[PDB]
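These protein sequence lines map, in sequence, to chains A, B, C, D, E, F and G. Using PDB author numbering, the letters of the first sequence map in sequence onto residues 26 to 106, 138 to 513. Using PDB author numbering, the letters of the second sequence map in sequence onto residues 26 to 98, 142 to 517. Using PDB author numbering, the letters of the third sequence map in sequence onto residues 26 to 99, 140 to 514. Once you know that position 20 of the fourth sequence is 416 in PDB author numbering, the rest is easy, because the numbers rise by one and skip nothing. Once you know that position 9 of the fifth sequence is 148 in PDB author numbering, the rest is easy, because the numbers rise by one and skip nothing. Once you know that position 30 of the sixth sequence is 374 in PDB author numbering, the rest is easy, because the numbers rise by one and skip nothing. Once you know that position 1 of the seventh sequence is 26 in PDB author numbering, the rest is easy, because the numbers rise by one and skip nothing. Built from N, CA and C at the ideal position, the CB exists for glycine as well. Worksheet for the structure shown next.
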Amino acid sequence: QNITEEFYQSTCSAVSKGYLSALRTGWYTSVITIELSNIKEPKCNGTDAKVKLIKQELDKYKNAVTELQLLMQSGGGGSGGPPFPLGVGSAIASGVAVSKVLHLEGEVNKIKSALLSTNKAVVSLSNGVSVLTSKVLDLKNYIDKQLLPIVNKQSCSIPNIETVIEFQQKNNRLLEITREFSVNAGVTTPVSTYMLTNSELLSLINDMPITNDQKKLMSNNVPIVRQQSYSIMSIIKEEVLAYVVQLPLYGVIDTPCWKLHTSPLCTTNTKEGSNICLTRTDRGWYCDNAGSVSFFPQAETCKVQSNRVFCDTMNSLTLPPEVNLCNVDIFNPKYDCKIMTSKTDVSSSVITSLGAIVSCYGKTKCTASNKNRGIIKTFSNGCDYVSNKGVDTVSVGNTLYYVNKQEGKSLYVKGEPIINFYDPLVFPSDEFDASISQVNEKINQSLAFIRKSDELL
Amino acid sequence: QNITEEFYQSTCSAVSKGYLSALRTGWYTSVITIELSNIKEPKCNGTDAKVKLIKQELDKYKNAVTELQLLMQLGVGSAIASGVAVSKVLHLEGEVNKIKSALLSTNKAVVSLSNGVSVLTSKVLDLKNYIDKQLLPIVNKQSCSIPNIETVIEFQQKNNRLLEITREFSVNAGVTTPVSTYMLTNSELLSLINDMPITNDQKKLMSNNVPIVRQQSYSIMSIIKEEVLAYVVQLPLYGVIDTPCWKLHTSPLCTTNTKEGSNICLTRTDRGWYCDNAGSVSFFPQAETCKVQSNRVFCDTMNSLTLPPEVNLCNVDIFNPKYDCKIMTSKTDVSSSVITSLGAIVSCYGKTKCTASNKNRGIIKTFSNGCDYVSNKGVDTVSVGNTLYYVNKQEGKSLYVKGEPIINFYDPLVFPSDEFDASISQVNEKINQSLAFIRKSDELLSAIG
Amino acid sequence: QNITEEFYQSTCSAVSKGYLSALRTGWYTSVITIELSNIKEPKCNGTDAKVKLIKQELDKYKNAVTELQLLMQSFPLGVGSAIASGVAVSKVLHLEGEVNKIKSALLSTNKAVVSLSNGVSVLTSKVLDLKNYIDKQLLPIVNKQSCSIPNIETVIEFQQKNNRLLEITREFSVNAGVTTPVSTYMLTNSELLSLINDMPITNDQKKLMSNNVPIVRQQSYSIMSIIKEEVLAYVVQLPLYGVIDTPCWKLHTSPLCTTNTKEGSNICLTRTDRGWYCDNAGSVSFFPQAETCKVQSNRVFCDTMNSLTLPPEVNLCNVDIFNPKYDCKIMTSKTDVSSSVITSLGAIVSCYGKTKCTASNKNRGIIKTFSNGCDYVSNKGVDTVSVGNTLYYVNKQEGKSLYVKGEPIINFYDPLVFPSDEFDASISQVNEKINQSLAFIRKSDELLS
Amino acid sequence: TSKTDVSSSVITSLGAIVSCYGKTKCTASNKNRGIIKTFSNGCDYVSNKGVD
Amino acid sequence: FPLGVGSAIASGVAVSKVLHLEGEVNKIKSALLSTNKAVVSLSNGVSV
Amino acid sequence: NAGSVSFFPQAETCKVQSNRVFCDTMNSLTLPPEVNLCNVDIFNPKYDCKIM
Amino acid sequence: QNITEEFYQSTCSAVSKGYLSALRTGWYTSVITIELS
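Have a look at this one:
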């Protein structure tokens with residue numbers, strides 16, 4: 026909760042330091058069951074209004090079951106369900153593996169027995185994987201006892217309004233579960249309270265084989281856990297509906313994180329096309345991770361609470377810690393900072409943890425202002441930084457941005473914008489991807505060709 | 026009305042015009058309140074069927090309350149700073165109480181908060197009143213006088229709203245877009261718009277397009293304390309209204325003359341929606357952001373670039389001196405189609421077969437290699453390769469503008485064939501730089517002859 | 026269901042073969058109706074709670090109609146207009162009389178093909194009749210000055226019937242008149258499987274659709290059309306699968322770099338044409354974006370609007386990347402970072418630099434250690450793969466995969482004249498620039514002899 | 397009469413007259429809400445009702 | 140004379156009439172009876 | 345000023361100390377930057393230079 | 026500081042260049058108090 030931020034004028038980029046990692050490193054999978062009645066469709070003549078309502082509610086129950094059968098056979102949820141250099145994962149790969157084990161012989165029966173005198177147990181499967189198992193809904197008990205002696209007989213006995221109503225409510229969770237699955241081919245994110253109530257999920261977090269710190273982190277940030285969790289339809293058989301739930305596992309916690317914001321750095325020294333541009337491209341989230349630096353270049357694989365950053369390493373790269381040296385000296389010896397070049401003179405603003413970066417080029421009206429004081433800086437051409445010191449908005453052209461009013465301390469690090477050191481006559485401006493060294497080569501090549509060409513003439 | 030479209034054969038692009046702007050420039054926040062008899066907790070000796078149902082509902086209500094308490098605790145910005153600003157004010161002690169007092173005599177007030185913001189306040193659900201009146205006497209003693217069936221049904225239906233507010237924020241962590249119908253009934257939104265400090269032109273507009281207003285609004289979850297659940301609804305405010313808009317569609321322009329893998333391709337890179345906004349042009353490169361109802365364009369200016377008005381000249385004269393028109397280049401002779409506002413652009417390259425067709429008489433045009441356009445009059449589908457694009461059938465007047473495909477003017481030896489983001493001037497500077505190698509490596513050879 | 030995979034050491038790529046196509050090629054549209062009754066506001070006097078509830082449920086109903094009225098008046142790849150086909154029908158439905166042809170088509174029945182003014186026939190269904198339920202069991206109650214109070218089962222039944230209309234309105238309002246996927250509320254399973262059966266389509270098609278209702282729902286649209294004559298019509302746009310049971314194969318690509326040269330020396334090379342490929346009527350339809358395609362147990366459900374159409378020799382890139390017939394796409398860099406691709410039944414690992422890489426079993430631990438370079442491992446015996454601080458899980462869908470040894474083609478390139486920033490390149494486009502940067506070094510070293 | 401194609405604004409007792417001409421930016425804005433009118437080319441008026 | 144017309148002190152007349160409301164004068168008095176310099180949050184949303 | 349030219353036609357408004365010019369933006373007219381061309385070319389195509 | 030002036034004989038007008046801007050664009054208010062008896 027001491028969020029601090031530095032701005033480097035030489036590279037047109039700011040770093041927010043002081044965040045705490047909560048990295049998703051792996052998965053926990055648990056099986057969740059709903060006991061079902063093998064009730065055949067009503068077999069009687071009945072016309073009372075309450076007999077009609079119960080008959081309808083059984084058909085909804087019966088239809089939803091054959092629907093869930095359609096899912097588990099066609100497909101079954103078993104699926105394969138990126139920027140420049142990144143990898144390509146398979147999120148549900150872990151959970152589907154446990155889903156397929158349930159299709160084996162007797163694994164459904166192990167669970168069914170293991171959930172007879174309890175509604176939460178641990179099963180060790182036919183492969184040695186130990187999964188928590190929970191029965192959340194018992195429709196078989198209700199449909200067979202309060203509901204079957206009505207439909208069973210040759211002439212329907214009229215039920216209560218209370219039996220009509222209570223069955224409509226017990227049936228509800230099964231139907232909503234079937235809705236979510238039927239619209240997602242049986243894999244859902246986030247995990248809803250229908251799939252898993254907060255009561256169940258917090259109880260499930262406690263019984264998990266994880267640290268106490270992990271339990272605290274998960275049990276507090278329930279919505280982030282739900283957003284990061286999957287729910288895979290698995291099997292319906294044996295009068296039992298069972299689906300796998302894949303929960304994030306935070307194997308890296310409390311390590312320091314920092315966020316890098318970048319913007320174009322364009323020479324102002326001339327008019328219209330004569331300008332040339334540089335831009336850092338290693339923007340994103342960094343977290344110290346096992347003596348390396350995990351880099352999250354899509355900063356929206358990450359979700360941010362106070363002080364705390366929930367990233368997913370499937371969208372990460374692993375870097376040597378020397379990468380941070382890019383934020384003190386882009387021309388450092390150890391690590392080759394990656395940049396990009398263009399000739400694109402259009403103004404742009406970045407909102408940081410507690411500041412704003414403005415890249416004012418051409419003839420935009422770039423401005424930062426306050427609720428009650430008006431404009432407190434008009435930016436001139438170049439790349440400038442304003443903190444949120446009594447600053448509430450930044451306007452670039454017709455676009456209004458609101459500054460983060462997070463409580464923190466900000467440092468302006470003065471320096472010479474490096475784009476001024478580059479010869480604009482021999483400067484390369486194609487680069488979608490390039491490093492500082494790679495640009496020096498293409499300038500060494502061009503300037504050393506004119507070394508030989510000056511000789512021969 | 027009149028929506029019209031022009032097709033520039035020279036640049037393989039189409040500008041469809043006649044639209045009217047309505048661009049989000051500002052926000053209005055308001056506080057919505059649900060008032061809860063959290064104090065409630067049931068216990069009693071009675072065991073009727075109708076008793077069980079009410080007790081089950083109280084656990085549902087009491088669950089939703091406790092969970093809601095746990096849940097309390142490219143140009144880049146945060147869209148919801150205005151709502152979060154009101155949310156943080158609400159946490160100041162007694163600020164919640166100001167709302168309660170104002171909402172005591174009616175259910176819609178205008179409370180001025182401590183940060184000098186004057187915000188609409190609505191009580192939308194009174195669960196404390198229902199529970200404490202029709203429910204609390206029932207299940208406080210043990211003789212637990214059994215309720216009628218209508219109270220079992222009514223409490224269940226009132227409680228439903230609270231349950232799906234809490235369901236929404238268990239997966240959304242407090243912030244939803246669009247603002248849902250449980251977050252705010254359509255009827256309530258209509259009454260909110262009627263009470264908003266805006267022009268009567270705006271009020272009519274926001275009411276006519278409530279579905280759009282929904283998608284461009286934010287629900288931000290704020291507090292549960294002193295038996296009041298409060299959340300901020302952040303609504304769009306359209307400062308720009310009824311300025312001209314136009315949409316740019318772009319497809320590749322290539323050489324058909326060469327019959328190999330070696331051809332030069334050039335494309336206008338600046339497609340999207342365009343609007344006149346305060347003496348400049350607001351340009352929306354991700355045309356996915358601009359909703360269109362009838363001939364009206366609803367965009368959020370936070371997703372725009374601000375461009376000089378001269379950018380319009382790339383549609384008249386792509387080689388104009390005043391605006392450095394932005395283009396891209398590649399060496400990919402691939403055929404594709406772009407369905408426009410009331411027409412269709414087809415780029416047909418290679419051995420591909422390109423069809424224009426009508427649902428009554430099949431194929432009614434075959435496309436040559438090159439870039440072409442057809443109107444939506446007498447065409448229903450346009451087929452390119454293994455793709456059948458249906459065509460938009462909105463009525464309007466289309467126009468074909470003939471010219472020499474400007475890719476022909478470029479000399480393929482010296483063409484910079486792999487420019488990702490370039491312009492018309494960036495490409496000529498690359499061409500001339502290449503002829504710089506030509507004269508120098510030639511007259512060097514003229515030293516010995 | 027035999028699914029195979031082949032990994033090519035030379036190209037650092039892997040192909041998963043053995044799938045079967047099911048591609049959206051066109052659209053079938055149909056009209057869904059609800060028989061509303063437009064009635065004036067309740068007139069009856071009551072404290073009887075069974076009347077209070079009916080009056081409440083009627084207020085939700087009258088709100089739902091009013092809200093729905095305000096909705097009827099509201140890459141290298143191409144750019145379609147996904148709902149153009151469906152909207153054209155909604156535009157036809159707005160003409161006078163057309164609303165009446167379907168009212169009387171379904172006057173006798175609940176499902177009838179109708180001809181519309183443009184001569185085209187569409188299946189039309191009546192999925193809900195609130196007109197009669199209100200008129201029969203609710204009208205002589207609450208039309209009168211003082212109501213006959215109704216049975217509790219009319220109360221409960223009306224809530225259930227009215228919920229479908231309420232949810233149809235809810236989905237329409239937040240989605241601004243177009244909803245995808247088509248929820249069970251817009252069209253249930255029994256209606257959809259009925260609608261699937263009556264479509265003018267092939268027997269193979271009906272079977273495929275009827276067994277993949279959930280995918281059909283994802284690839285469909287519900288488009289709000291009209292409220293008038295106490296009818297509520299919305300066009301549903303089901304996918305029409307034209308390509309069925311043709312071979313499909315998936316391409317996986319990971320980057321290829323030299324290794325032994327230390328630090329900045331390395332050059333890199335990646336195949337770019339990765340994604341789904343399905344044979345499609347004498348060409349190859351190629352889907353580059355992993356988003357557009359969905360797999361249900363070796364069936365590949367794609368959408369040709371997100372396709373390219375390639376000559377069938379594109380497959381030869383996986384055979385001989387240096388072939389003459391087809392010019393294979395690549396890109397180049399010097400960005401050497403370790404990263405992995407989890408293929409259909411394997412893992413491609415590009416372990417570079419000082420990073421540790423791992424293929425682990427759930428019981429035997431680390432069972433393979435990746436040396437620097439492009440390598441592959443099969444899912445038979447591997448459960449997880451680790452690359453630095455990342456843990457990828459491996460798909461355990463069973464099949465058998467074949468390792469195809471070769472020389473990493475990056476080694477055949479001179480590290481000095483290698484063009485190391487090409488973003489949209491091909492093997493010839495790079496042989497083009499190697500010849501050039503040679504010829505300058507080539508002529509100028511014998512101009513100076 | 398003249399041809400003065402320049403933009404100007406007059407603050408009235410409880411409003412503001414805006415004469416927005418040419419290609420100038422002319423807006424009325426509220427301190428908590430932001431820009432609330434964006435004037436078209438011509439003479440218009442705003443009242444101090446919710447305008448700062 | 141081609142120019143416009145405004146009120147220069149309109150910004151400071153905002154704060155003046157915030158002070159005119161009872162409660163505000165007490166706020167600043169409490170902030171200053173122990174030290175001679177302060178930052179105070181007036182109740183129309185300004186920190187001065 | 346912000347990609348335009350602020351023009352202070354009243355002599356009194358701008359105060360000069362050292363080489364610095366202090367002005368009140370409320371006593372200004374905002375002109376397109378092409379106003380400066382009136383100094384190098386009064387007959388210039390773009391800006392119509394104001395004369396009496 | 027460097028100041029330059031050019032006289033345009035063609036329009037009977039001179040332009041002084043080289044000055045540096047300080048344009049007041051917003052206001053800050055402070056409350057100054059005197060505590061009385």
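_Going by DSSP in three states, residue 323 of chain B sits in which element: helix, strand or coil?_
coil
Beta strand (DSSP E) segment containing residue 302 of chain A, residue limits: 296-305
Margin query: Check whether the segment 66-85 of chain B and the segment 218-227 of chain A are in contact - that is, three or more C-beta pairs closer than 8 angstroms.
Written below: yes
Exercise. Which partner residues of residue 289 of chain C appear in the DSSP bridge assignment?
Worked result: C:299
> For residue 312 of chain A, which three-state DSSP category applies?
Replying inline: strand
In the structure shown, what three-state DSSP assignment does residue 267 of chain C receive? coil
Check your understanding: Should residue 417 of chain A go down as buried or exposed, given a rule of 16 or more other Cβ atoms within 10 Å for buried?
Key -> buried
Margin query: Using C-beta distances below 6 angstroms, list every residue in its chain close to residue 343 of chain A, excluding the 5 sequence neighbours before and after it, in chain order.
Written below: 46, 311, 313 and 350
Quiz item: So which residues of chain E does residue 182 of chain B contact, with C-beta pairs closer than 7 angstroms?
Solution: 182
Practice task
May I ask you to list, following chain order, the residues of the segment 427-440 of chain D that have a beta carbon less than 9 angstroms from some beta carbon of chain A?
Solution key: 427, 428, 430, 431 and 434
Requested in this report: Grab the span of the alpha helix (DSSP H) containing residue 502 of chain A for me, first residue to last.
Outcome: 492-512
Could you say if the segment 370-382 of chain B and the segment 51-63 of chain B meet the contact criterion of at least three C-beta pairs nearer than 8 angstroms? no
Along chain D, which residues have their Cβ under 9 angstroms away from the Cβ of residue 381 of chain F? Result: empty, since nearest Cβ-Cβ is about 16 angstroms, beyond 9 angstroms.
What residues from chain B crowd round residue 329 of chain A, counting only those whose CB sits closer than 8 angstroms? 392, 491, 493, 494 and 497
Practice item. Run the CB neighbour count on residue 471 of chain B, radius 10 Å, all protein chains shown included, and call it buried at 16 or more, exposed below. Key: exposed
Requested in this report: Spatial neighbours of residue 423 of chain C within its chain, please: CB distance less than 6 angstroms, with the 5 preceding and 5 following residues excluded, ordered by chain position.
Outcome: 431 and 451
#### Entry: Rounded distance between the beta-carbons of residue 362 of chain C and residue 100 of chain A, thought under 8 angstroms
5 angstroms
Taking the straight line between their C-alpha atoms, what separation do you get for residue 295 of chain B and residue 293 of chain C?
45 angstroms
- Which of helix, strand or coil does DSSP assign to residue 98 of chain B? coil
| query | Apart from the five residues on each side of it in sequence, which residues of its chain come closer than 8 angstroms, Cβ to Cβ, to residue 163 of chain B? | reply | 157, 181 and 182
Let me see if you follow: with CB-CB separation under 8 angstroms, is residue 372 of chain A close to chain C or not?
yes
message = I want to see whether chain E comes within less than 8 angstroms of residue 443 of chain D, judged by CB atoms only; does it?
response = no
message: So with CB distances below 9 angstroms, who are the chain E contacts of residue 404 of chain D?
response: 141, 142, 143 and 144
### Task
Return no unless some Cβ of chain A is closer than 8 angstroms to the Cβ of residue 337 of chain C.
no
For the alpha helix (DSSP H) holding residue 354 of chain A, just list the boundary residues, first then last.
Unbroken run through residue 354 of chain A: none, as it is neither H nor E.
*7 angstroms Cβ cut-off: residues of chain A touching residue 185 of chain E*: 428
query: residue 392 of chain B: buried (16+ other C-beta within 10 angstroms of its C-beta) or exposed?
result: buried
### Message
Looking only at its chain, what residues have a beta carbon closer than 7 angstroms to the beta carbon of residue 170 of chain C, apart from the 5 residues adjacent to it on each side?
### Response
177, 179 and 189
message: Strictly under 8 angstroms for the Cβ-Cβ distance: is residue 54 of chain G near chain E by that measure?
response: yes
Whose CA, out of A:510, A:405 and A:97, lies closest to the CA of residue 291 of chain A? A:97
In the segment 196-226 of chain A, which residues sit with their C-beta less than 9 angstroms from some C-beta in chain C, listed in chain order? 217, 220, 221 and 224
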